[PDB]
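Peer 1:
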Amino acid sequence: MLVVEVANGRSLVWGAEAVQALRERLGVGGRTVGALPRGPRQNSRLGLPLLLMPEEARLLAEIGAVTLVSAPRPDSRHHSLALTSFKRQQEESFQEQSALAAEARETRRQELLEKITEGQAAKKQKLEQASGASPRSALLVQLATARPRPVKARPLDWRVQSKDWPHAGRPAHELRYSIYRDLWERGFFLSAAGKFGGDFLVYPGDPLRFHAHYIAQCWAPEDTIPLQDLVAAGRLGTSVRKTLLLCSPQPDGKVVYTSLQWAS
Amino acid sequence: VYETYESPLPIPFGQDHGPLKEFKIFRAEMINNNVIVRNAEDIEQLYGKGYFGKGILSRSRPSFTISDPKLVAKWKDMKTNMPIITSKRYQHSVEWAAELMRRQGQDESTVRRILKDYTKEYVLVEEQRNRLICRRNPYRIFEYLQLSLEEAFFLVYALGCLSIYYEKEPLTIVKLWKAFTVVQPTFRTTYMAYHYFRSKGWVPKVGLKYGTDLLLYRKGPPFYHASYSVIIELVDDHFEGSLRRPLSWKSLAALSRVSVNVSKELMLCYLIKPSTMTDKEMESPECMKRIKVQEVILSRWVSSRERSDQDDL
Amino acid sequence: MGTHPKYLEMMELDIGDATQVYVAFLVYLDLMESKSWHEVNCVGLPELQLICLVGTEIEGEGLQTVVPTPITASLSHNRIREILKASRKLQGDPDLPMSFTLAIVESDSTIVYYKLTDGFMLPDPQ
Amino acid sequence: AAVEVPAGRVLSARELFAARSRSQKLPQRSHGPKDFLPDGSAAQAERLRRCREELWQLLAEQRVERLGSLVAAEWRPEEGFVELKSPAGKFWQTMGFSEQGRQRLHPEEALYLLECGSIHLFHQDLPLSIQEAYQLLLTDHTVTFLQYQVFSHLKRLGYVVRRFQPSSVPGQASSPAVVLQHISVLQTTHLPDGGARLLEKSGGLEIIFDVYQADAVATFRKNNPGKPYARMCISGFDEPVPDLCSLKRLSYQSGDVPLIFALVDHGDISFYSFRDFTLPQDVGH
Amino acid sequence: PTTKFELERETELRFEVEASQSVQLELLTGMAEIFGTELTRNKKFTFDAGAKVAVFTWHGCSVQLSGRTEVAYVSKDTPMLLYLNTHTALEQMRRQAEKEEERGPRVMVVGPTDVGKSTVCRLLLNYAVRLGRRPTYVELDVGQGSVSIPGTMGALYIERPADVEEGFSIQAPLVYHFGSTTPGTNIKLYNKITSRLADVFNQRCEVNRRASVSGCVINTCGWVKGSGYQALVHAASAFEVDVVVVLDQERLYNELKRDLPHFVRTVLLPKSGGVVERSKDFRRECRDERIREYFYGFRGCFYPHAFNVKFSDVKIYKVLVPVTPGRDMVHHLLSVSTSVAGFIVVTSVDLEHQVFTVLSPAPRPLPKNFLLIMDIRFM
RNA sequence: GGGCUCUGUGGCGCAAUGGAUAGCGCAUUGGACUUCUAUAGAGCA
RNA sequence: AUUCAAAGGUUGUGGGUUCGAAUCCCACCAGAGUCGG
Ligand SMILES: [Mg+2]
Ligand SMILES: [Mg+2]
Ligand SMILES: [Mg+2]
Ligand SMILES: [Mg+2]
Ligand SMILES: [Mg+2]
Ligand SMILES: [Mg+2]
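Protein chains in written order, with my numbering: chain A, -8 to 255; chain B, 73 to 385; chain C, 40 to 165; chain D, 86 to 370; chain E, 128 to 506.
#1: Kindly list the residues whose CB is nearer than 7 Å to the CB of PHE85/A, restricted to its own chain and excluding five residues on each side of it in sequence; keep chain order.
#2: Would you mind listing the beta strand (DSSP E) stretches within the stretch 179 to 224 of chain B that are 3+ residues and don't spill past its ends, in chain order?
#3: Between the Cα of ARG360/D and those of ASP353/D, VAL349/D, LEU344/D and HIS370/D, spot the shortest distance and give me the residue it belongs to.
#4: Tell me whether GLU75/B sits in a helix, a strand or coil according to DSSP, three-state version.
#5: Using the C-alpha atoms, what's the distance from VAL270/D back to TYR421/E?
#6: Report the rounded CA-to-CA distance for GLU168/D versus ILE204/D, giving the unit in angstroms.
#7: Identify whether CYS248/E lies in helix, strand or coil by the three-state DSSP scheme.
#8: If the criterion is Cβ atoms closer than 8 Å, does the pair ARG233/E and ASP440/E meet it?
#9: With a threshold of 16 other CB atoms inside 10 Å of the CB of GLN272/D, please say whether the residue is buried or exposed.
#10: Quick one: measure Cβ to Cβ for residue 540/E and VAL236/E, integer angstroms, because I've assumed they're closer than 8 Å.
#11: For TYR244/D, count neighbouring Cβ atoms within 10 angstroms of its own Cβ and tell me buried if that reaches 16, exposed if not.
#12: Under the three-state reduction of DSSP, which class applies to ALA203/A: helix, strand or coil?
#13: How big is the Cα-Cα spacing for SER354/E and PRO365/D?
#14: In chain order, which continuous runs of the beta strand (DSSP E) of length 3 or greater are located wholly inside the stretch 105 to 177 of chain B?
#15: Let me make sure I understand the geometry here. Which of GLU198/B, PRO210/B and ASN104/B has the alpha-carbon closest to that of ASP189/B?
#16: Report the start-end ranges of each beta strand (DSSP E) in the stretch 120 to 155 of chain C that is 3 residues or longer and not cut off at the edges.
#17: Quick one: measure Cβ to Cβ for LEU234/B and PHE85/B, integer angstroms, because I've assumed they're closer than 8 Å.
#18: Using beta carbons (cut-off 8 Å, strictly below), is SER130/B in contact with chain A?
#19: At which residues does the alpha helix (DSSP H) containing residue 37/B begin and terminate?
#20: If I measure Cβ to Cβ from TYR153/C and keep anything under 6 Å in the same chain, skipping five residues before and after, which residues do I get?
#21: Taking Cβ-Cβ distances below 8 Å as the criterion, which residues of the stretch 215 to 240 of chain A are in contact with chain C?
#22: Taking Cβ positions, are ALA258/D and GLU199/B nearer each other than 8 Å?
#23: Would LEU114/C count as contacting chain A if we go by Cβ distances under 8 Å?
#24: According to DSSP, simplified to helix, strand and coil, what is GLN272/D?
#25: Do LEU192/A and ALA184/A have their CB atoms nearer than 8 Å?
#26: Assign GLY101/C to one of two classes, buried (16 or more other C-beta atoms within 10 Å of its C-beta) or exposed (fewer than that).
#27: Could you have a look at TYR337/D and say whether DSSP puts it in helix, strand or coil?
#28: Per DSSP, what kind of secondary structure is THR58/C in: helix, strand or coil?
#29: Within 8 Å (strictly less), CB to CB, does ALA125/C reach chain B?
#30: Closest to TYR254/E by CA distance: which of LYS170/E, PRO277/E and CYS343/E is it?
#31: In angstroms with no decimal places, state the Cα-to-Cα distance between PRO318/B and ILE319/D.
#32: Less than 8 Å between the beta carbons of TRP373/B and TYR357/D, yes or no?
#33: Keeping to the same chain, check which residues put their C-beta closer than 6 Å to that of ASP225/D; ignore five residues upstream and five downstream.
#34: If you count every other CB in all the chains shown that lies within 10 Å of the CB of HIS267/D, and 16 or more means buried, which is it?
#35: Spell out the partners DSSP gives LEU234/B in its beta bridges.
#36: Ordered along the chain, which non-local residues of its own chain (more than five positions away) have a Cβ less than 8 Å from that of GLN241/A?
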């Protein structure tokens, strides 16, 4: 089963199989915020870790797919064996690269040996005609993305406000979690919409291949909506070909929805 | 009602200055919290000059022909004037004319004969062939120019060329201020921004279609298109104060996006009023003379386009 | 024009506003002359104190509902739901999902038309 | 109880060599135009399959560097910085500070250089992965997560990001007499006009970084940098927009350098810029 | 050269002067008329270059001419009696003015260049004062103004008929400022000038019923294209229009009874044969000559003063901004504003002394520091 | 002025290598937008 | 409401090792930091 690391109230995923499981099984996509190991001078594509919203992590803990732990701290009693293990591993992984290095080098030489011999003979025969006319830094090391040692963490309680879960009880979290869970149960894909002036973006499928269909705005069933805001949001939705949704959780448990579109 | 060299008098109707060329005070009536002018001279002067107000039927100007645009090419072969109407629209005007007929007590069998004599200041109905015959006027539909509140106040207060009537008794910019403030509870900030902008030579219009407060045209809708889209706010000179609409970073992102799509600029205006001011000193218009204005322009810094601000051809 | 039959008939409906009645008159004038609708009428909902126009864009199709609102006002999703239920009660047919048209009218008689439905509508596949 | 978190994938020699001979071209995100309606049988399904199998290959990629291209560093948490154990490289022309005879890095510079792969961070004689570094360096004492996000976002485009040390610095009157815009009885203010008495509310938003463009990278003088291109405040997207008093305070603190607001929305960076404006009275026709 | 002309009844003697010449005529036998003024017995009077003399005769006469003449001959092509007809018809108006407590007729001589505006104005004024009347003469043609220097508007109280060569004696002659040769440069000036002098003589005729009864005579511009006709109707409906007479282009008749009130009697006339062509050079030197007959007087009877005027003494407004003193002010004009007291001409400039020397019809001090300078120069 | 360390690759920020094919991003130029707002302009799942 | 393609080179200059140099070595220009005078 999966495990998400909640530090200071933010949820990160550090493995590559947990992201695949999340997206291909539970319909949760997250957001990659790291850097790429092969593209580290660009903002187009990014890599691990994957950042989860608090609502996604709460939903995943509740349906029983992940386990929110608190980020561990080094124990300081497991340090000496750690040191000796690292030293042995470094030494053996260094002195075992030399072997396949030597083999690969002999192979990259015997592949174009004929060219070497031809060039050498040309060199020395033109030298003859002229005569008649006169370790470290090569040892490879890996920079790990996720911690390489098994540790023990203590499970976090998401239904009680704490230090590394400041979310429980806040009203905005309850509202947005109500709407997130309702939309996710209906089979939709979901993302964040800050640049579109809303709360969520709602897709009919994996956002890798589909354009979103809705921009969702979480509202309290008694809060007043300013008209100008409705007009600006409807115009923006018309400009990008997206309906404007209005979601509100009713006291009886069920959420109510309302579409907004420009007419004539 | 003064701030001008011509007639700086609140509500004297006995015009007397002396050395002047020719000023003709305009007229307007306040019907259920809306100022309207019903005279052709008044309409044409207010709209050809500064582009004041909006036509109550058309979109841009009071130019709603009750003729039909599609059938202008129908019989342009003939020599006649503007009125050419299909039959069923005049039939509907006859419906809501028999409305008036029954509402004034005349029974049906005499209504039919009286209007049959009126279907023998007037119109021309049209009708195998389709011909036309002169008819009598079914219902009056004469145009009215509908002026915004800030517009009408800038006209009466800041220029003096307009007089408003509420039950045939003219008003004053003391009780005009009071009435406009009590019907639209946010008249003061909007009129202060309107006064500030139209005093720089710009032309302010309402920005309802975009979600903002105003739009600024360089010299008018027909000459130029709007450049700036303005939102108005009021605060104290220690920056205490409530807000008309609270701005998140989702309202501003949406407003900025929809302004970039329509090639405009998102200006946020602030009106700063002193802390020594009281809610009865700001019950007079002349409080304007001690309030300050501040514009800011909100933009969208794009990270990848501004990493070399020297490259340009 | 204040003597227009529809203005006085709107006065008749015991609603209790000068803003709402004049804005309703303005939207009626915008529909019945500019947009060329047919058979537009005016019904009052005293449950919500709303003067609402019920019309037919072109003769042969179903009825539509238009609630003329000014910009000064503001709504909550609960009142939106109240008006959706009122509209459904009004035009009658429970087949199509509840929906109405909100006509936001400015001070100088500038109108913007939005359409509120109950459920999920797709952006533009019609 | 206590759950035991599994951890890590160790690249073998044969796969370290394979990761050395890596390409440089990124895969295309979507293979052509995205769809609009999910109703389909086998084209959409196979297209999604391929668009996914390419994602699980990118994210399962580890950094592999040589032991000589790597500067060796150490993390001093009590003093609060990173100490290099070797001479720095080309990054030392825009990043770091030399004190007491040794070269040192702030925590966010160290984390960004660990992510790029230019240094090799240690802590208590043991090297740190990127998870452990994220957990150690990104506290509330050193630097927060949003500030590091903005810092790295900018630094991956080419900019010079330094820490902001407060010690851094017509109408119808058809009268042919027009002058008559004397109607102006509404005085215009400015942003720094009265910010030296507003600083008494020294709380709320704060300037965090100075930003120099990428044209300033080849001739940058760390000791005498000059006047920056921008200053940066870093907030969140769910947070209150700054007021007029806070805008005046920040616009007086900054000076005559422009000031930018960076908002992070669940991992997405966006930049806005408030600027005082003076409408041109000129409209003369 | 002595020439004998016999001008029998209903005949026009056409003669005008060669350049730099002298002409001497005297009514030897009988009576004769000069533009409405009956010339006295055997009076030897002189005629200077460029001056036009189309003398029609009522009773015929025997005329002596000693000197050279550009054109000089007898003509039976004469419409001048139609002249009288207009007058004689409007002669009714004359006494009918004081019949029913009404005020007299005022009449326009409207038409383009080369029509005889001032010819009919001549005869109408002279015959007015012949029948005991005392007419108001308003001249507006700033191109060749004779009420003052051209580039101004003027008004004359006709005490007695004009003399043979010089004319009606200027006693309190109304002058007002225009500044330029052509109203095409600024119409607002002509507009408020028309209204100004119209209401001015409104007051004068209501306080001096003399001209109220005796009516008025006007001279307007010869403009027929552009805002000329618009200002023509402006002036007519401002000048209490009674009768308007068109000068031999009936296009004026068509549009003139198309844009006046029905009350206005529009009467057309073909001009006399005595209307001679006068191109640019003519009114050029006749404008400079009107400046000369303002400042130096006919035959040199005006002796003006030539000396300094302080910049600390006078302020000028240029038709609205006062003009900073610059050496562009040489040989322009200056109007002393009270109405207008008089006019003066500039000769030289003093910078560090800050005084410019002027030539003056009256001595120091000038009755006002109110001055308005010219657009045209004369030296 | 002298010593020591580091750096120099496409307009800019940068990869690569026992030492065996000089390519990534931004900017630029072009297309399609099942795009939108209207010859444009704007495009940030 | 996005998505795709093309073009773009004095690898600071010279020399050396090498069959083969952006890559390894030396010298010389240009720049940054530090020690210090
Ligand atoms: Mg290089
Ligand atoms: Mg280069
Ligand atoms: Mg470079
Ligand atoms: Mg190579
Ligand atoms: Mg795009
Ligand atoms: Mg070299």
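We put the CB at the ideal spot given by N, CA and C, even for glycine.
Peer 2: Taking the structure as given:
#1: One-based indexing of the first sequence puts residue 85/A at position 94. Result list for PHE85/A: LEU130, in chain order.
#2: 194 to 198, 204 to 208 and 217 to 219
#3: On the fourth sequence, residue 360/D is found 275 positions in, with the first residue counted as 1. It is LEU344/D whose Cα lies nearest to the Cα of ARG360/D.
#4: Along the second sequence, read from residue 1 onward, the residue named residue 75/B stands at position 3. Coil, per DSSP.
#5: Here residue 421/E refers to the residue found at position 294 of the fifth sequence. Here residue 270/D refers to the residue found at position 185 of the fourth sequence. Between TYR421/E and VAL270/D, the C-alpha separation is close to 52 Å.
#6: Start at 1 with the first residue of the fourth sequence, and residue 168/D comes out as number 83. Start at 1 with the first residue of the fourth sequence, and residue 204/D comes out as number 119. Spanning the two alpha carbons is a distance of roughly 11 Å.
#7: For the purposes of this step, residue 248/E is taken as the residue at position 121 of the fifth sequence. Three-state DSSP puts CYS248/E in a helix.
#8: By 1-based counting over the fifth sequence, the position of residue 233/E is 106. By 1-based counting over the fifth sequence, the position of residue 440/E is 313. No. Outside cutoff.
#9: Here residue 272/D refers to the residue found at position 187 when the fourth sequence is read from its first residue. Label assigned to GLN272/D: exposed.
#10: Shown here, chain E extends from 128 to 506; a query on residue 540/E therefore has no answer.
#11: To locate residue 244/D, count along the fourth sequence from 1; it is residue 159. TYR244/D is buried by the Cβ-count criterion.
#12: As a first step, residue 203/A is located in the first sequence; it is residue number 212 there, counting from the start. The answer is coil: DSSP assigns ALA203/A none of H, G, I, E or B.
#13: Numbered from 1 along the fifth sequence, position 227 holds the residue referred to as residue 354/E. Numbered from 1 along the fourth sequence, position 280 holds the residue referred to as residue 365/D. Whole-angstrom Cα-Cα distance: 36 Å.
#14: For the stretch 105 to 177 of chain B, whole beta strand (DSSP E) runs of length 3 or above, ordered along the chain, are 106 to 109.
#15: Residue mapping note: residue 189/B aligns to position 117 of the second sequence, counting from 1. Per the Cα distances, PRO210/B.
#16: 138 to 144
#17: Locating residue 234/B in the second sequence gives position 162, counting from the first residue. Locating residue 85/B in the second sequence gives position 13, counting from the first residue. No, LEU234/B and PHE85/B are not in contact; Cβ-Cβ is about 13 Å, not under 8 Å.
#18: Position 58 of the second sequence, counted from the start, is the residue given in the question as residue 130/B. Not closer than 8 Å to any Cβ of chain A, the Cβ of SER130/B fails to qualify, so no.
#19: With chain B covering only 73 through 385, there is no way to say anything about residue 37/B.
#20: Numbered from its first residue, the third sequence carries residue 153/C at position 114. Counting only Cβ-Cβ distances below 6 Å, and skipping sequence neighbours, we find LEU141.
#21: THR215, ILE216, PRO217, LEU218, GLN219, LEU221, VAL222, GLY225, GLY228, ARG232, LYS233, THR234, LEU236, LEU237 and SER239
#22: Locating residue 258/D in the fourth sequence gives position 173, where the first residue counts as 1. Locating residue 199/B in the second sequence gives position 127, where the first residue counts as 1. Contact flag unset, no.
#23: The count along the third sequence starts at 1 and reaches residue 114/C at position 75. Chain A, which has a Cβ nearer than 8 Å to the Cβ of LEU114/C, makes this yes.
#24: Walking along the fourth sequence from the start, residue 272/D turns up at place 187. Correct three-state label for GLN272/D: strand.
#25: The residue given as residue 192/A occupies position 201 in the first sequence. The residue given as residue 184/A occupies position 193 in the first sequence. Cβ atoms of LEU192/A and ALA184/A: closer than 8 Å.
#26: On the third sequence, position 62 is the one that residue 101/C refers to. Answer is exposed; the Cβ neighbour count stays below 16.
#27: Counting from 1 along the fourth sequence, the entry for residue 337/D is found at position 252. Here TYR337/D sits in helix by DSSP.
#28: For the purposes of this step, residue 58/C is identified with residue 19 of the third sequence, where counting begins at 1. Correct three-state label for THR58/C: helix.
#29: Against the third sequence, residue 125/C aligns to sequence position 86. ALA125/C has a beta carbon lying at 8 Å or more from every beta carbon in chain B.
#30: Counted from its first residue, the fifth sequence places residue 254/E at position 127. The residue among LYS170/E, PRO277/E and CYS343/E with its C-alpha nearest the C-alpha of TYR254/E is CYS343/E.
#31: Translated into the one-based positions of the second sequence, residue 318/B becomes position 246. Translated into the one-based positions of the fourth sequence, residue 319/D becomes position 234. Roughly 21 Å separates the two Cα atoms.
#32: Taking the first residue of the second sequence as position 1, residue 373/B is located at position 301. Taking the first residue of the fourth sequence as position 1, residue 357/D is located at position 272. In contact: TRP373/B and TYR357/D (Cβ atoms closer than 8 Å).
#33: Stepping through the fourth sequence from its first residue, residue 225/D is reached at position 140. In the same chain as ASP225/D, and ignoring 5 residues on each side of it, no C-beta atom comes closer than 6 Å to its own.
#34: The residue you call residue 267/D lines up with position 182 of the fourth sequence. Exposed, because fewer than 16 other Cβ atoms sit within 10 Å of the Cβ of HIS267/D.
#35: Working through the second sequence from its first residue, we reach residue 234/B at position 162. Bridge partners of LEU234/B: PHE98/B.
#36: The sequence position of residue 241/A within the first sequence is 250, counting from 1. Only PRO212 and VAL247 meet the Cβ criterion.
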